[PDB]
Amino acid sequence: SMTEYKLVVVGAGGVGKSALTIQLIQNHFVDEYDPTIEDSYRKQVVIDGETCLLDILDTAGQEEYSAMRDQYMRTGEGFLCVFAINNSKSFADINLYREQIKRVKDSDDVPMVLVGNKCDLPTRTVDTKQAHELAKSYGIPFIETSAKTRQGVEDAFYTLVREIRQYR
């Protein structure tokens, strides 16, 4: 049977974790704000000519429950760490997610992609240069996305699969 990959989408409230995931799974943009509790999705795709089953966990960006994230970080195989290019706080929050995943998995070596989302917006508050450096500091890719236009969406998820595939 096709290989499964357990992907986990994390980041601050409202950065567009759900809009990215639903663009990938359902090919439409959620314009409304439905803050997540926790959702899972399954999708079969072909990446680099190998079929695989994506299990995607869309997590809550509620800072109140930062302690509840450990259990899903233990089970996840790869992480999309998402910030919004118009939310410098969400970009600051990337460090915390990265450090929590590293701590919970007890490893420097966890498949991860840094995602800068909402790149359709006219104004950015985060310097693409800063995100590039941070990703370089972590040894992970950085992908710019728009869940609105679908720009970079497949690239973000498929790049994370390639990161897991290389780790395996």
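All residue numbers are counted from 1 along the displayed sequence.
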**Complete:** Higher avg CA temperature factor (119 to 127 vs 37 to 45, as deposited) belongs to 119 to 127
**Asked** If you average the CA temperature factors over each stretch, which comes out higher, 91 to 99 or 75 to 83?
**Response** 91 to 99
**Asked** Per the PDB entry, which option out of 143, 135, 56, 53 has the greatest Cα B factor?
**Response** 135
**Asked** residue 6: which third of its chain by C-alpha temperature factor?
**Response** lowest
**Prompt:** Where does residue 110 sit by CA temperature factor within its chain: lowest, middle or highest third?
**Reply:** middle
